[PDB]
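Peer 1: First the structure, then my questions, so here it is.
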Amino acid sequence: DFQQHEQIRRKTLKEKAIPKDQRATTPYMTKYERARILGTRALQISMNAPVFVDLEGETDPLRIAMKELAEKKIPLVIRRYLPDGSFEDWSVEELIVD
Amino acid sequence: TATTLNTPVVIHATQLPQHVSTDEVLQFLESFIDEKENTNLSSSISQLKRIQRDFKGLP
Amino acid sequence: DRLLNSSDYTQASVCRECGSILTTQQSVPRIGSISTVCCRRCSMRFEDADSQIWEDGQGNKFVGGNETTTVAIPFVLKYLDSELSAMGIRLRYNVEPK
Amino acid sequence: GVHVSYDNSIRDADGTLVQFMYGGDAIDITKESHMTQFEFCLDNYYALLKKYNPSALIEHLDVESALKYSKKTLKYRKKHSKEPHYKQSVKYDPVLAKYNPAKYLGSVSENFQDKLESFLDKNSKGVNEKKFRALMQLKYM
Amino acid sequence: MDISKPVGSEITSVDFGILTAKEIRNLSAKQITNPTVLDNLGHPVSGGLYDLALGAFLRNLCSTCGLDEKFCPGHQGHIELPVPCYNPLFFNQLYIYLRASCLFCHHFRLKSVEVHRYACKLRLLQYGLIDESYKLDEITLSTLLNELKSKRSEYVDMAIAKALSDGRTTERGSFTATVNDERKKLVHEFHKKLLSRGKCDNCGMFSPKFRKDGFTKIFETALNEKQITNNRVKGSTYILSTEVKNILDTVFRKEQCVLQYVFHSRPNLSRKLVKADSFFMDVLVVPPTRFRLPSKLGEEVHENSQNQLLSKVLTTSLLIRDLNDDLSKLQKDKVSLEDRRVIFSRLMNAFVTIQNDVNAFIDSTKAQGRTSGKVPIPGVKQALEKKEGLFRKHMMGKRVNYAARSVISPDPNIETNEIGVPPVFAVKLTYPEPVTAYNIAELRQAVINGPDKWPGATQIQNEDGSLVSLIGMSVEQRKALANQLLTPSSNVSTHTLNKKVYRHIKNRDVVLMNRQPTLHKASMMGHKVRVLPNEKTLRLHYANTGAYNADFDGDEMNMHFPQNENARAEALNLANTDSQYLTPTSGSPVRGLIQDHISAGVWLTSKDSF
Amino acid sequence: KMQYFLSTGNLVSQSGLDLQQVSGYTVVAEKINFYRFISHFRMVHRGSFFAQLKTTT
Amino acid sequence: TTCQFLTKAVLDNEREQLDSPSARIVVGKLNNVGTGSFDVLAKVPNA
Amino acid sequence: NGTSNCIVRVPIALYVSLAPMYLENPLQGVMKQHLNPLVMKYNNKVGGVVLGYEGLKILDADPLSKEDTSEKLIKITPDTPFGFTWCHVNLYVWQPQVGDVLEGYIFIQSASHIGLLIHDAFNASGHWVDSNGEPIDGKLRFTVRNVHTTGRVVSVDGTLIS
Amino acid sequence: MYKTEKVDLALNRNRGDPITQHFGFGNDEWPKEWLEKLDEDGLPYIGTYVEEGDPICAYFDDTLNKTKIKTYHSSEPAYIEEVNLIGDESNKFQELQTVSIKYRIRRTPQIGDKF
DNA sequence: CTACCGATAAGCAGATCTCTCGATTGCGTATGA
DNA sequence: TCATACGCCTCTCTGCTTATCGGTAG
RNA sequence: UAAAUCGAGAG
Ligand SMILES: [Mg+2]
Ligand SMILES: [Zn+2]
Ligand SMILES: [Zn+2]
Ligand SMILES: [Zn+2]
């Protein structure tokens with residue numbers, strides 16, 4: 001009753017997924033991606049998400065997220081969207097800042 | 001109440017009812033409490049404490 | 001933030017089958033029930049046809065069509081859709097988790 | 001709606017392409033300021049290199065294929081510079097066509113490459129031309 | 001907006017469509033009959049335009065959802081008109097379609113093989129097979145006109161199956177700019193060819209065309225000189241809405257397939273037959289009372305203009321319904337020629353005036369008749385057309401909360417990336433900082449300070465949106481609330497959230513500034529915040545004047561305060577002033593000192609300066 | 001009628017008076033400053049019809 | 001020409017896929033240019 | 001019961017919202033956020049009242065990922081740090097059916113309404129004279145022709161006659 | 001800055017209609033804090049400090065059988081300068097229904113002002 | 001000879017950034033008093 | 001004699017669209 | 001607290 005609805009979407013989703021071996025986008029983390037990741041990480045910390053980076057009395061979630069990115073421990077995964085709908089899945093750890 | 005913080009967005013049921021064996025009715029109530037406290041309560045629940053012994057013995 | 005989040009952010013209710021925003025309304029509970037939101041289009045009249053039946057403010061009885069979801073939209077979109085309905089034009093909004 | 005995609009090709013939000021390369025080069029205009037100031041770049045080489053950190057930009061980069069293809073194309077057009085334009089039967093298209101300029105070091109425009117070669121030919125400077133060329137290609141990337 | 005209230009479902013796409021009179025009569029809460037708004041007492045008359053079931057009006061709880069005025073969404077209604085009327089939206093389409101039709105055979109006045117040619121062309125091109133659409137015309141080679149068609153159907157279906165099979169086009173079809181261009185070109189040319197000739201080459205029995213007067217009248221003359229002679233061998237009147245609808249429906253029933261392939265661009269599940277009840281509104285729609293609420297002076301009350309137009313429509317409809325009852329009673333026995341003629345003439349001009357009434361209700365310009373007047377009332381189309389329309393005024397740009405506007409005064413004592421926020425601003429604008437294990441001390445201090453002492457808090461929003469305002473509480477109450485800021489929540493549904501303090505705009509925040517007109521990007525940056533507790537005007541460094549093209553000519557510029565961490569980080573990194581050093585126009589710099597610092601540098605860097 | 005004419009500026013007449021414009025014939029003599037007041041009794045307006053045409057000769 | 005384009009849009013049952021920024025603004029969805037040109041996924045170490 | 005068991009297991013696919021607080025324990029977060037409140041509740045989609053859950057699975061958004069890896073991806077909505085994902089759980093639901101016979105006990109009796117408690121868990125609504133004269137006891141067979149679902153807990157109403 | 005206003009209670013008084021509201025105080029339980037910045041009659045004093053939310057004139061409305069007060073309509077505090085009891089030209093000797101209040105605001109030179 | 005196709009000329013339709021103050025709001029008429 | 005509710009009471013640019021009059025096939 | 005038109009206008 002529901003399987004035919006679900007299976008067709010997962011096949012389409014797996015179709016657009018570009019394999020890790022053949023992602024030909026920019027290895028660097030773009031400025032937009034840096035801003036978005038910093039904002040989302042700061043929102044998570046503000047919503048009491050666990051943090052593994054020590055805080056030296058800092059109170060600004062945005063500064064906490066910037067410190068995390070500088071030390072490269074952000075537990076976030078990007079999803080670059082190609083125009084057709086294909087998506088590649090880079091990680092912040094393998095991304096290069098600037 | 002009853003916002004997205006406590007209720008799923010969609011509750012679509014896949015496959016079908018797959019338990020008409022009438023013989024494998026055990027192994028859940030004897031195991032659900034094992035995975036519960038080893039504390040779900042809104043204001044008061046009591047039917048969970050009197051719904052297992054019906055199939056096994058007497059209240 | 002400058003157009004939707006802090007201007008007219010509304011968490012309206014939308015039916016997936018109907019595809020319309022304002023066709024839904026809150027059912028009036030009879031005794032010890034929960035006032036959910038249901039369609040005025042998906043539901044058919046009890047004459048043309050409990051958990052299956054919800055009533056309205058006029059005392060009429062409506063059965064079925066209790067599927068819907070909450071989406072974040074500007075209220076100005078609702079006003080535009082009303083004005084379009086005044087023209088006889090209907091807009092159907094395709095909801096993602098159908 | 002038209003914006004540059006993840007393939008460095010600008011196209012409308014629909015998907016309809018406008019150009020394959022942003023101006024044929026895909027270098028940001030706000031950063032195009034000092035990619036022609038060869039003398040300034042050479043003078044500030046050490047600070048520029050410390051800013052760029054080429055050491056950390058190797059494990060996620062490929063240099064040899066793009067460099068070889070660009071050299072082959074450059075010598076091809078050098079052999080094929082003086083002739084009518086309609087006769088220029090292209091055998092090797094410009095390096096931007098295949099190699100992603102943000103993924104393959106050395107993939108630069110034909111104008112920038114020509115200007116860099118002309119500068120390195122005319123001006124003879126302790127830093128060598130090879131390290132300067134590597135830094136300039138990293139700057140373009 | 002609220003951060004602690006996420007939503008999963010989102011509108012992926014929106015598709016337009018027409019309203020069938022069945023569904024709107026199925027969904028409506030009440031009809032509308034009496035053309036009176038309010039009685040002597042001011043109570044909403046049952047069945048009136050402000051009907052109690054069409055949305056709550058003043059204190060009256062709405063009698064459809066049973067909620068208050070601010071809780072009732074506002075349900076829609078409908079007027080059961082007894083006569084169909086031409087839609088001014090689709091009047092041109094109807095006039096063009098029925099102009100190129102034959103009365104007798106009820107087919108298009110063009111040939112019946114071009115009909116299938118265009119049907120197959122549109123069906124095949126709908127799937128984005130452009131080359132196949134043009135290659136179909138190569139299948140060219142009376143009774144032979146059916147053997148040709150069977151070849152085209154096979155070629156069309158084979159190509160679509162082939163294109164679908166190899167991934168060239170998903171079953172949903174490929175709608176891009178070029179296929180849209182070809183659709184428009186082919187459809188416009190096909191309609192123009194329909195309007196081209198006059199003799200029907202399907203049955204021979206040609207039919208007279210129809211004329212127009214304004215946008216509500218149709219005229220024809222079935223009697224001519226030669227067109228009379230030929231149709232015998234082939235064997236300024238008025239055109240009525242019901243019979244023009246009849247011939248429309250006949251033509252559409254005849255040519256369903258072509259009407260489908262010409263009234264659709266997305267080739268999927270287009271099963272719903274395109275009928276004739278798409279240009280006639282037998283049932284009109286009234287917006288909810290919440291959207292039709294009237295104006296309100298300090299004492300004067302003014303009638304809603306849309307409600308007045310609907311009341312006029314009701315007046316004409318009730319007059320027509322009354323006159324038809326007079327028609328029926330006089331139909332019992334044959335009456336004097338004068339009486340039936342005058343009542344039928346009254347019905348005729350009543351239909352004309354109801355057509356004009358609907359035309360004026362939609363568009364103001366189409367209304368006919370004005371000698372002196374006072375003002376031409378704008379219609380629904382006039383509410384969404386011009387710059388003052390709803391689109392350009394309330395969807396491409398809206399008034400914003402948490403934003404200020406004042407004069408800017410210069411200050412060479414802020415580091416060219418901050419702004420000087422006067423304390424009068426700093427006591428109004430707030431940010432909803434959520435409480436937590438590291439923000440507890442600072443937020444507790446802000447709460448204790450309160451809404452008057454900067455830095456301070458104005459509202460303490462609990463997890464369940466219970467905004468506890470601090471405006472009217474004393475010091476001991478504020479202290480107790482601060483000491484109760486971080487406590488476990490009893491409700492499990494809210495156990496994943498924590499209270500938010502609407503603390504004043506501190507020194508670490510960031511705002512956006514804009515000097516209208518925002519001609520280019522630099523006219524809207526993001527400056528950091530510096531709270532100078534002296535003045536009452538915004539303080540701005542001198543480097544930004546050149547970028548803003550601003551002055552200090554008493555210029556007033558806005559100051560938006562983003563409220564979510566996404567916007568904060570996005571303005572701090574992408575839109576910040578330092579990153580906007582070089583304009584993207586030509587790469588030249590746009591910042592730097594201007595007037596006296598330049599002469600100061602010239603004097604200081606000279607040789608005499610020891 | 002004269003009070004309305006002076007109060008609203010709009011001219012109502014059945015002869016046209018050989019004048020191009022219809023409105024804007026009276027101005028409120030602002031008492032903001034004596035300079036403004038004395039300047040009120042000296043300007044000449046070419047006509048409200050000349051405030052829209054795009055030519056600048 | 002809102003009237004002109006709406007008539008054509010509804011007459012042929014033209015469906016908007018919410019691609020252009022203006023359509024996203026009208027509906028009220030996150031834009032597709034720049035920061036909204038991708039998506040962000042959270043990596044969770046479950047069992 | 002009368003040659004009927006019900007209590008049928010039903011795997012479900014649900015769209016849960018995961019709070020950022022439970023970002024290092026997503027499965028426990030999901031169960032405590034959605035699945036635990038679903039217990040002892042009559043859900044129309046599942047069919048009846050739910051007695052628990054089992055078999056948590058995360059339908060992560062990574063298609064290249066193995067179906068058994070310990071790390072999963074959670075989609076985060078743009079305007080919120082909350083994460084949304086699909087899930088697979090096994091739901092055990094006791095399903096009454098109209099037109100059947102059920103065995104239940106008697107707890108509360110009144111002059112007008114007679115209370116029946118199917119397995120002392122289905123709330124519904126002083127010995128007197130019966131057909132055989134036996135005093136009313138807790139054991140009897142009834143009909144389920146009438147079902148009321150407007151209260152806090154569903155109820156079963158019927159009569160001895162067919 | 002000299003700013004004046006005219007509060008009129010005869011706006012809704014139709015031609016020949018008996019006077020609906022008078023100036024002054026009724027017999028209701030109005031707060032005593034109203035007596036500040038309002039005289040024995042309906043008019044206020046002269047040279048008093050009035051801000052937003054401060055009453056100007058108190059009028060007795062017999063339709064509701066209560067005394068209502070008007071309110072200041074400007075953020076900047078002002079000083080009452082003149083209270084002109086303007087009378088009616090008709091033969092009927094109606095009570096006070098038209099009065100003019102003049103306000104004075106200290107427009108000291110603050111920053112941002114144009115010289 | 002006469003139907004089909006373009007080539008002007010007239011009409012039709014639509015165009016030529018924010019905000020604050022102040023001012024203002026119809027004649028004609030027709031019957032119940 | 002005479003008051004408020006009804007009834008109306010003349011100095012700019014781009015297209016697109018259709019009507020009418022020339023030429024050519026049969 | 002409305003809504004429209006006119007004048008003064010500010011950048
Ligand atoms: Mg300026
Ligand atoms: Zn629905
Ligand atoms: Zn309502
Ligand atoms: Zn015919």
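As shown in the structure tokens, the chain order sets the letters A, B, ...; within each chain, residues go from 1, and ligands are also counted from 1 in the order they appear.
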Could you list, as a list in words, all the residues within 6 Å of ligand 3, counting only C-alpha atoms (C1' of nucleotides) and all ligand atoms?

Peer 2: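 Written in the requested form, the residues are residues 55, 56, 62, 64, 65, 72, 73, 74 and 75 of chain E.
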
Peer 1: Which residues, written as a PyMOL selection string, have at least one atom at most 7 Å from stretch 30-44 of chain H, with only C-alpha atoms (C1' of nucleotides) counted and residues fewer than 5 positions away on the same chain left out?

Peer 2: (chain B and resi 5-8+40) or (chain H and resi 16+18+49-52)

Peer 1: Take the residues from that selection and put them in a file with C-alpha atoms, as a PDB file, in the first residue's frame.

Peer 2:
```
ATOM      1  CA  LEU B   5       7.953  18.308  19.038  1.00  0.00           C
ATOM      2  CA  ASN B   6       5.900  15.276  20.120  1.00  0.00           C
ATOM      3  CA  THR B   7       4.051  13.917  17.063  1.00  0.00           C
ATOM      4  CA  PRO B   8       5.430  12.589  13.764  1.00  0.00           C
ATOM      5  CA  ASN B  40       7.170   7.288  29.984  1.00  0.00           C
TER       6      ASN B  40
ATOM      7  CA  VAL H  16      10.299  12.312  13.064  1.00  0.00           C
ATOM      8  CA  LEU H  18      15.087  15.164  16.172  1.00  0.00           C
ATOM      9  CA  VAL H  49      -4.226   1.266  20.754  1.00  0.00           C
ATOM     10  CA  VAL H  50      -0.437   0.890  20.774  1.00  0.00           C
ATOM     11  CA  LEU H  51       1.245  -1.195  23.481  1.00  0.00           C
ATOM     12  CA  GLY H  52       4.857  -0.333  22.648  1.00  0.00           C
TER      13      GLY H  52
END
```

Peer 1: Using only C-alpha atoms (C1' of nucleotides) and all ligand atoms, which residues of the polymer chains come no farther than 9 Å from ligand 1? I'd like the answer as a list in words.

Peer 2: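 Selection of residues at most 9 Å from ligand 1: residues 515, 545, 548, 549, 550, 551, 552, 553, 554, 555 and 556 of chain E; 11 of chain L.
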
Peer 1: Go ahead and save the residues from that selection, with N, CA, C and O atoms (P, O5', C5', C4', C3', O3' and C1' of nucleotides), as a PDB file, in the first residue's frame.

Peer 2:
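Written out: selection_0.pdb:
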```
ATOM      1  N   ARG E 515      20.494  52.836   2.877  1.00  0.00           N
ATOM      2  CA  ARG E 515      20.250  54.246   2.550  1.00  0.00           C
ATOM      3  C   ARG E 515      19.504  54.256   1.231  1.00  0.00           C
ATOM      4  O   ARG E 515      20.124  54.186   0.162  1.00  0.00           O
ATOM      5  N   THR E 545      30.497  56.461   3.836  1.00  0.00           N
ATOM      6  CA  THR E 545      29.720  57.427   3.065  1.00  0.00           C
ATOM      7  C   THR E 545      29.867  57.190   1.568  1.00  0.00           C
ATOM      8  O   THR E 545      28.875  57.210   0.830  1.00  0.00           O
ATOM      9  N   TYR E 548      27.839  53.924   0.666  1.00  0.00           N
ATOM     10  CA  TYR E 548      26.402  54.147   0.731  1.00  0.00           C
ATOM     11  C   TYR E 548      25.924  55.216  -0.237  1.00  0.00           C
ATOM     12  O   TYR E 548      24.710  55.349  -0.428  1.00  0.00           O
ATOM     13  N   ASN E 549      26.839  55.985  -0.835  1.00  0.00           N
ATOM     14  CA  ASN E 549      26.486  57.207  -1.557  1.00  0.00           C
ATOM     15  C   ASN E 549      25.652  58.121  -0.668  1.00  0.00           C
ATOM     16  O   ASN E 549      24.861  58.938  -1.144  1.00  0.00           O
ATOM     17  N   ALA E 550      25.828  57.969   0.640  1.00  0.00           N
ATOM     18  CA  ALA E 550      25.078  58.721   1.626  1.00  0.00           C
ATOM     19  C   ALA E 550      25.735  60.081   1.817  1.00  0.00           C
ATOM     20  O   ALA E 550      26.672  60.455   1.109  1.00  0.00           O
ATOM     21  N   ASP E 551      25.256  60.832   2.794  1.00  0.00           N
ATOM     22  CA  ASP E 551      25.762  62.166   3.029  1.00  0.00           C
ATOM     23  C   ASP E 551      25.834  62.304   4.542  1.00  0.00           C
ATOM     24  O   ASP E 551      25.828  61.306   5.270  1.00  0.00           O
ATOM     25  N   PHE E 552      25.894  63.531   5.020  1.00  0.00           N
ATOM     26  CA  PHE E 552      25.311  63.846   6.316  1.00  0.00           C
ATOM     27  C   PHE E 552      24.370  65.025   6.160  1.00  0.00           C
ATOM     28  O   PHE E 552      24.292  65.918   7.007  1.00  0.00           O
ATOM     29  N   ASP E 553      23.624  65.007   5.055  1.00  0.00           N
ATOM     30  CA  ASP E 553      22.636  66.019   4.713  1.00  0.00           C
ATOM     31  C   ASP E 553      21.335  65.731   5.444  1.00  0.00           C
ATOM     32  O   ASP E 553      20.257  65.756   4.843  1.00  0.00           O
ATOM     33  N   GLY E 554      21.423  65.484   6.747  1.00  0.00           N
ATOM     34  CA  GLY E 554      20.271  64.987   7.466  1.00  0.00           C
ATOM     35  C   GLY E 554      19.745  63.670   6.948  1.00  0.00           C
ATOM     36  O   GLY E 554      18.564  63.371   7.142  1.00  0.00           O
ATOM     37  N   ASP E 555      20.588  62.869   6.286  1.00  0.00           N
ATOM     38  CA  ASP E 555      20.129  61.588   5.764  1.00  0.00           C
ATOM     39  C   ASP E 555      19.624  60.717   6.901  1.00  0.00           C
ATOM     40  O   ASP E 555      20.182  60.713   8.001  1.00  0.00           O
ATOM     41  N   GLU E 556      18.567  59.969   6.629  1.00  0.00           N
ATOM     42  CA  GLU E 556      18.053  58.972   7.550  1.00  0.00           C
ATOM     43  C   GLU E 556      18.136  57.618   6.868  1.00  0.00           C
ATOM     44  O   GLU E 556      17.654  57.457   5.742  1.00  0.00           O
TER      45      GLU E 556
ATOM     46  P     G L  11      17.133  67.774   1.713  1.00  0.00           P
ATOM     47  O5'   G L  11      17.678  66.321   1.353  1.00  0.00           O
ATOM     48  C5'   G L  11      18.584  65.658   2.219  1.00  0.00           C
ATOM     49  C4'   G L  11      18.343  64.170   2.261  1.00  0.00           C
ATOM     50  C3'   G L  11      19.025  63.346   1.184  1.00  0.00           C
ATOM     51  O3'   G L  11      20.395  63.100   1.458  1.00  0.00           O
ATOM     52  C1'   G L  11      16.777  62.654   1.402  1.00  0.00           C
TER      53        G L  11
END
```

Peer 1: As number ranges by chain, please: every residue in chain F that DSSP puts in alpha helix (DSSP H).

Peer 2: F: 2-8, 34-40

Peer 1: Export, as a short mmCIF file (atom, residue, chain, number, x, y, z; two decimals), in the first residue's frame, the selected residues with N, CA and C atoms.

Peer 2:
```
data_model
loop_
_atom_site.label_atom_id
_atom_site.label_comp_id
_atom_site.auth_asym_id
_atom_site.auth_seq_id
_atom_site.Cartn_x
_atom_site.Cartn_y
_atom_site.Cartn_z
N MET F 2 -17.99 80.44 -2.25
CA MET F 2 -16.68 81.10 -2.23
C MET F 2 -15.80 80.56 -1.11
N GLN F 3 -16.40 80.29 0.06
CA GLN F 3 -15.64 79.71 1.16
C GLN F 3 -15.07 78.35 0.76
N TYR F 4 -15.88 77.53 0.09
CA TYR F 4 -15.38 76.25 -0.40
C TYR F 4 -14.26 76.45 -1.41
N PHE F 5 -14.43 77.40 -2.33
CA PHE F 5 -13.39 77.66 -3.33
C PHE F 5 -12.07 78.01 -2.67
N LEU F 6 -12.10 78.95 -1.73
CA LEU F 6 -10.87 79.34 -1.05
C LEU F 6 -10.31 78.22 -0.18
N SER F 7 -11.18 77.42 0.44
CA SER F 7 -10.71 76.41 1.38
C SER F 7 -10.07 75.23 0.66
N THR F 8 -10.62 74.82 -0.48
CA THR F 8 -10.14 73.61 -1.13
C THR F 8 -9.29 73.89 -2.37
N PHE F 34 8.61 85.10 8.98
CA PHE F 34 8.22 86.30 8.25
C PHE F 34 8.79 86.31 6.84
N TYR F 35 9.96 85.70 6.64
CA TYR F 35 10.50 85.57 5.29
C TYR F 35 9.56 84.77 4.41
N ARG F 36 9.08 83.63 4.92
CA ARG F 36 8.11 82.84 4.17
C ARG F 36 6.84 83.63 3.91
N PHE F 37 6.36 84.36 4.92
CA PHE F 37 5.12 85.10 4.78
C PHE F 37 5.22 86.17 3.71
N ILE F 38 6.31 86.94 3.71
CA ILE F 38 6.46 87.99 2.70
C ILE F 38 6.69 87.36 1.33
N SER F 39 7.41 86.24 1.27
CA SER F 39 7.61 85.56 0.00
C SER F 39 6.30 85.00 -0.55
N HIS F 40 5.30 84.77 0.30
CA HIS F 40 4.02 84.26 -0.18
C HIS F 40 3.36 85.24 -1.14
#
```

Peer 1: Name each residue within 9 Å of ligand 4, counting only C-alpha atoms (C1' of nucleotides) and all ligand atoms, as a ChimeraX atom specification.

Peer 2: /E:101-109,199-207

Peer 1: Could you save the residues just selected, with N, CA, C and O atoms, as a compact mmCIF listing (two decimals), in the first residue's frame?

Peer 2:
```txt
# COMPACT_ATOMS: atom_id res chain seq x y z
N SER E 101 -15.62 28.55 -35.24
CA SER E 101 -16.39 27.33 -35.05
C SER E 101 -17.54 27.31 -36.04
O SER E 101 -17.96 28.35 -36.56
N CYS E 102 -18.05 26.11 -36.30
CA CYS E 102 -19.20 25.92 -37.18
C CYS E 102 -20.42 25.58 -36.33
O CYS E 102 -20.35 24.74 -35.43
N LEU E 103 -21.54 26.26 -36.61
CA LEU E 103 -22.74 26.06 -35.81
C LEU E 103 -23.36 24.70 -36.06
O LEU E 103 -23.87 24.06 -35.12
N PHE E 104 -23.34 24.23 -37.30
CA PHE E 104 -24.07 23.01 -37.66
C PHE E 104 -23.30 21.75 -37.24
O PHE E 104 -23.78 20.98 -36.41
N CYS E 105 -22.12 21.54 -37.82
CA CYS E 105 -21.34 20.35 -37.48
C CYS E 105 -20.69 20.45 -36.11
O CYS E 105 -20.23 19.44 -35.59
N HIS E 106 -20.63 21.66 -35.53
CA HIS E 106 -20.07 21.88 -34.20
C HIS E 106 -18.61 21.43 -34.13
O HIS E 106 -18.16 20.85 -33.14
N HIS E 107 -17.86 21.70 -35.20
CA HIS E 107 -16.42 21.50 -35.25
C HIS E 107 -15.75 22.81 -35.61
O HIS E 107 -16.40 23.80 -35.94
N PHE E 108 -14.42 22.81 -35.56
CA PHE E 108 -13.66 23.98 -35.96
C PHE E 108 -13.84 24.24 -37.45
O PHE E 108 -14.00 23.32 -38.25
N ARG E 109 -13.82 25.52 -37.82
CA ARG E 109 -13.95 25.88 -39.23
C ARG E 109 -12.71 25.53 -40.04
O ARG E 109 -12.74 25.64 -41.27
N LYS E 199 -15.28 29.37 -44.45
CA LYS E 199 -16.09 28.24 -44.90
C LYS E 199 -15.63 26.96 -44.20
O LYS E 199 -14.44 26.64 -44.20
N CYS E 200 -16.58 26.24 -43.63
CA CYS E 200 -16.28 25.04 -42.85
C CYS E 200 -16.07 23.87 -43.80
O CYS E 200 -17.03 23.37 -44.40
N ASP E 201 -14.83 23.42 -43.93
CA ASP E 201 -14.50 22.26 -44.76
C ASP E 201 -14.51 20.97 -43.94
O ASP E 201 -13.56 20.18 -43.97
N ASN E 202 -15.58 20.76 -43.21
CA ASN E 202 -15.87 19.50 -42.53
C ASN E 202 -17.25 18.97 -42.86
O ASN E 202 -17.43 17.76 -43.01
N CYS E 203 -18.24 19.86 -42.98
CA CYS E 203 -19.58 19.50 -43.43
C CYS E 203 -20.07 20.37 -44.58
O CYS E 203 -21.10 20.03 -45.18
N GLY E 204 -19.39 21.46 -44.90
CA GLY E 204 -19.79 22.38 -45.94
C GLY E 204 -20.76 23.45 -45.46
O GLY E 204 -20.75 24.57 -45.97
N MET E 205 -21.59 23.12 -44.48
CA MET E 205 -22.59 24.03 -43.95
C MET E 205 -21.88 25.06 -43.08
O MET E 205 -21.75 24.91 -41.87
N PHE E 206 -21.39 26.12 -43.71
CA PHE E 206 -20.69 27.16 -42.97
C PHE E 206 -21.67 27.96 -42.11
O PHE E 206 -22.89 27.95 -42.33
N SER E 207 -21.12 28.64 -41.12
CA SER E 207 -21.91 29.33 -40.11
C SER E 207 -21.44 30.77 -39.97
O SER E 207 -20.27 31.08 -40.21
```

Peer 1: Taking only C-alpha atoms (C1' of nucleotides) and all ligand atoms into account, list the residues no farther than 8 Å from ligand 2, as number ranges by chain.

Peer 2: C: 14-20, 23-24, 38-43, 65-68

Peer 1: Calculate how many Å separate atom CA of residue B:4 from atom CA of residue H:17, rounding to one decimal.

Peer 2: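 We find that atom CA of residue B:4 and atom CA of residue H:17 lie 6.9 Å from each other.
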
Peer 1: Just need the residues of chain A within 8 Å of chain D, counting only C-alpha atoms, so spit them out as a ChimeraX atom specification.

Peer 2: /A:24-27,80-84

Peer 1: Compile a residue-level contact table for chain L against chain E at a cut-off of 9 Å, reporting for every qualifying residue the shortest atom pair and its distance in Å to one decimal, with only C-alpha atoms (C1' of nucleotides) counted, rows ordered by chain and ascending number, as a Markdown table.

Peer 2:
```
| residue | atom | partner | partner_atom | distance |
| --- | --- | --- | --- | --- |
| L:1 | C1' | E:297 | CA | 6.6 |
| L:2 | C1' | E:296 | CA | 4.2 |
| L:3 | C1' | E:295 | CA | 6.8 |
| L:10 | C1' | E:554 | CA | 8.5 |
| L:11 | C1' | E:555 | CA | 5.6 |
```

Peer 1: Residues of chain G within 7 Å of chain C, counting only C-alpha atoms, what are they? List them as a PyMOL selection string.

Peer 2: chain G and resi 26-28

Peer 1: Could you list, as a PyMOL selection string, every residue of chain H that has an atom within 8 Å of an atom of chain C, counting only C-alpha atoms?

Peer 2: chain H and resi 44+148-152

Peer 1: With only C-alpha atoms (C1' of nucleotides) as the counted atoms, please give the residues lying no more than 10 Å from residue E:140, apart from itself and same-chain residues fewer than 2 positions off, as a short mmCIF file (atom, residue, chain, number, x, y, z; two decimals) with N, CA and C atoms, in the first residue's frame.

Peer 2:
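Result file is around11.cif:
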```cif
data_model
loop_
_atom_site.label_atom_id
_atom_site.label_comp_id
_atom_site.auth_asym_id
_atom_site.auth_seq_id
_atom_site.Cartn_x
_atom_site.Cartn_y
_atom_site.Cartn_z
N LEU E 136 7.39 14.98 -37.52
CA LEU E 136 6.07 14.40 -37.75
C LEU E 136 5.42 14.95 -39.01
N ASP E 137 5.69 16.22 -39.34
CA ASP E 137 5.09 16.82 -40.52
C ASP E 137 5.54 16.14 -41.81
N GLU E 138 6.62 15.35 -41.76
CA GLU E 138 7.06 14.61 -42.93
C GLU E 138 6.16 13.42 -43.25
N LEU E 148 -3.97 8.21 -42.95
CA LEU E 148 -2.79 9.00 -42.59
C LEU E 148 -2.68 9.16 -41.08
N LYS E 149 -3.81 9.34 -40.39
CA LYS E 149 -3.78 9.59 -38.95
C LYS E 149 -3.22 8.41 -38.17
N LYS E 151 -0.89 6.40 -38.93
CA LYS E 151 0.57 6.43 -38.96
C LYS E 151 1.12 7.42 -37.94
N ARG E 152 0.48 8.58 -37.81
CA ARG E 152 0.97 9.60 -36.88
C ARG E 152 0.86 9.14 -35.44
#
```
